[PDB]
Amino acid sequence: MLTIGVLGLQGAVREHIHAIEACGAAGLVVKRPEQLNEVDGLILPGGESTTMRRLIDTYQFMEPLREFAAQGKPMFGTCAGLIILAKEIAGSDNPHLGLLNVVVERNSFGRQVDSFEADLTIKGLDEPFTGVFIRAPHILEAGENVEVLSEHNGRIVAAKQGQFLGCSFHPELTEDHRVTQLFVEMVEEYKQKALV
């Protein structure tokens, strides 16, 4: 069976792993670069943008994450994870992987008004999905090659691009595992094409 990984350098991983298992698949808390060879897909949990950035560097994670990407292995960037996986504003500081062709802005709301829930319409899911937004990043623009999987008040909140999947909300912070299931379906689709 599949084995989804969860970059555990920073943030919480406990809930993504439960989600992956719930969908019938192994989950591994990837804490070292080499472990990336042991998984069929990777979930960038996120949490704190800037923090996770310096962490992947002192841990020689960047280059390996790109090789992971080149192998066609699926990557799911949630919340801060979305920032790592995508591109930042025009002349922003120092970008990250920049694999998901979308431009993202970091949360700008204060600690007291940075959270909320909202029923979402996600392409692939029938019944609405409840998204937990916490210091959510905002997708300012998406390339002609990314498929919009969901939108809220005109803003793209979940996008898909080939092997890449991104969303600005916390899908694992609910008991509903349908979004994690979308990624798990993406990884199996990858297993059914990877010559090994």
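Sequential numbering from 1, following the sequence displayed.
Could you check the entry and say whether 145 to 153 or 28 to 36 has the higher mean CA B-factor? Comparing averages over the C-alpha atoms only gives 28 to 36.
Mean C-alpha B factor from the entry: is it higher for 135 to 143 or for 43 to 51? Higher mean C-alpha B-factor: 43 to 51.
Tell me, please, which of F129, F164, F169, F61 has the highest C-alpha B factor according to the deposited entry? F61 has the highest C-alpha B-factor of those listed.
Comparing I89 with the other modelled residues of its chain, is its CA B-factor in the lowest, middle or highest third? Tercile = highest for this residue's CA B-factor.
Report the third (lowest, middle or highest) to which the CA temperature factor of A19 belongs, ranking only the modelled residues of the same chain. For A19, whose C-alpha B-factor we compare with every modelled residue in the chain, the answer is the middle third.
State the tercile, meaning the lowest, middle or highest third, of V187 with respect to the CA B-factors recorded for its chain. Middle third.
Should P95 be placed in the lowest, middle or highest third of its chain by the C-alpha B factor in the entry? Highest third - that is where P95 ends up once the chain's C-alpha B-factors are sorted.
Please rank the C-alpha B-factors of the chain's modelled residues and tell me whether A159 sits in the lowest, middle or highest third. Ranked within chain, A159 CA B lands in the lowest tercile.
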